[PDB]
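Taking the form deposited without the RNA, here's one chain by itself in structure tokens.
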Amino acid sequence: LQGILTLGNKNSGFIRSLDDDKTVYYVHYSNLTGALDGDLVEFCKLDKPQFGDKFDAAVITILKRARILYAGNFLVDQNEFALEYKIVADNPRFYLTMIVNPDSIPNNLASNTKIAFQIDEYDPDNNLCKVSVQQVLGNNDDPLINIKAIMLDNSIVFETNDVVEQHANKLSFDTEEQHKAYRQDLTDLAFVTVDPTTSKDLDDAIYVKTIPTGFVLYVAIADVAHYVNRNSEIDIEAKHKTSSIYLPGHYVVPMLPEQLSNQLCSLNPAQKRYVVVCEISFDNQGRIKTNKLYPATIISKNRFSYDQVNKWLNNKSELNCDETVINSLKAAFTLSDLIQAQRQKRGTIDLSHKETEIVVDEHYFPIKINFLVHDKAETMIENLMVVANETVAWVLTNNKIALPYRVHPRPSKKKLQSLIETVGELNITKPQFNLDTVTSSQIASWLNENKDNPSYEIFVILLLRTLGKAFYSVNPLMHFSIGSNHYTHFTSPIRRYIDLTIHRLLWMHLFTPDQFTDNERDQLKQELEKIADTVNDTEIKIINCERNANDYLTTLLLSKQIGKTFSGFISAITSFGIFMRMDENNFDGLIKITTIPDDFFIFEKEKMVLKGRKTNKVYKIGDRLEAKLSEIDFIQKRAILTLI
């Protein structure tokens, strides 16, 4: 009766009901009744029986639009002494015909200008709507303007909020805060930051000490919850954003304003800074012995890039820093290798695979695609952050404090079975573990014994699909790929709202509980599941925004390479053709089913293969192919390939 509409191929789609069973109904284009992708609708089941799989439905009314603003290109032409206005929506799932309100059009608005429009009225029987221009965004051919339009279409805020920046500018460094009894003075320790050269997120610093029995690790995290009070204007805006946004060209939309992100909560060299420390003692095998969490004061001694540290590692350079910093870094790498070995022993799934980035010029035009490489300095830093994240999750759990976990459930038996059959056709071994009971360690061993297989890349790709997305939950579910029964996000509160919330929980329950009421603690506890829901919903939008931006920029790059031949492998098979992942750029192009030579090919859904009816030739996931880039579909932002 009520559900969320999702539009797909050919702008038919399906409705996911709001009931407990979350039942799915198919809806054909002709039965949408003016509804758009993501809208909440009232729907009825069709009096037709069942073709198969699921029931069919029709939309009755729209209960709530997914969006109020839509991006599009504005066109103006004069025909017969009369101006004619047209909008071409950016989103190919926006299928309605638009009548542009002329009183919304500035006299100076030229053709090929990106705009945002709203729907003023619509006619569900004719798929016609009246729209008004609400924002003029800029030249429609400018790639940065298209990236900003994509954010708007995904409901992602990117304009600076001056009110919030003004509130943030009132905050300052209180010199007396370091003399509070609850705040440990750590200003003598040789903390350092290690980050990408371009990053302005400097909210974590590390120091590692050797003791005779092993190591002491200090992970110092900028004390953002100390600066951002719950339900302040800054907090509300951060909670709306949920996260910083990262797009190509190192374009960042920060979750928090500048006076926090670049000053008071930026652990800049030689500045006193207030932090929350996770201090963990290890034995000489990398096993955790003890831990403490506490507010502190530090002075970072150095700001390093991954590049500087890696070059120092392979003796291709040297670091101009104190000897205390050198020894901390050496112990950090030693400790990190030990921690890595212990986590592999207990069970953890290394899902590393090929990853790329798009290089753009100063005008945001894409230049080339780079493959990212394994880096020993990132691996060390990430290893230490993971152990802090897991430790904080256990400390909060041990103290019976409700929190948002970062969870990643074990995948179902049926999904594993499907995976095993697909990859078996590629000479990936048959695993011996029980599919009901499979542990993180057992998946790791399975991956390890196939590391030399030529199809290891599609193996990891398919495994990642099988595992699906991690998410946040207040219920204590495992994190199957990290390998822990309890895990959360604690080390990045400058750019993730969950980490900010975790910090608030520490303060209100462990650090200074006497300064808060039980109603404050219970008010936050009661809101945790809605915070998790909003962050989860917005994470889907952010991932979609990244996918949109990557498809836009990569097809823009590929539009200058028509006729080029690419080698690659089949990454997916659908009823409308073959997706081939190109070796040279890691991007999926579409080979349309109808145009495949030498036979008539039929989609077989159970194995997800195309089979030729006359020759029995099979296309399957993992197959190696060569294909010619024949066109760019700019409507759907797809690269179309033809087999050669």
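Just count from 1 along the sequence shown to find any residue number.
Heads up, the form solved in complex with the RNA isn't pictured, but that's what we're talking about next.
- Highlighted residues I60, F94 and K130: none comes within 4.5 Å of the RNA in the entry with it bound, counting any heavy atom.
- Here the chain stands by itself, but in the entry with it bound one stretch of 72-80, 171-179, 227-235, 377-385, 377-385, has heavy atoms within 4.5 Å of the RNA.
- Taking the partner from elsewhere, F433 is found to have every heavy atom lying beyond 4.5 Å of the RNA in the entry with it bound.
- At the 4.5 Å threshold, heavy atoms of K469 reach the RNA in the entry with it bound.
- For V192, no non-hydrogen atom is located within 4.5 Å of the RNA in the entry with it bound, even though that partner is not displayed.
- A residue is said to contact a partner when one of its heavy atoms sits within 4.5 Å of a partner heavy atom; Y246 meets this definition for the RNA in the entry with it bound.
- Out of the listed residues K148, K114, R504, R406, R406 is the one that sits within 4.5 Å of the RNA in the entry with it bound by at least one heavy atom.
- Listed residues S492, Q308, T297, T554 were compared with the RNA in the entry with it bound; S492 is the one with a heavy atom within 4.5 Å.
- Taking a 4.5 Å heavy atom cutoff to the RNA in the entry with it bound, the contacting residues in 451-485 are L464, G468, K469, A470, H479, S481, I482.
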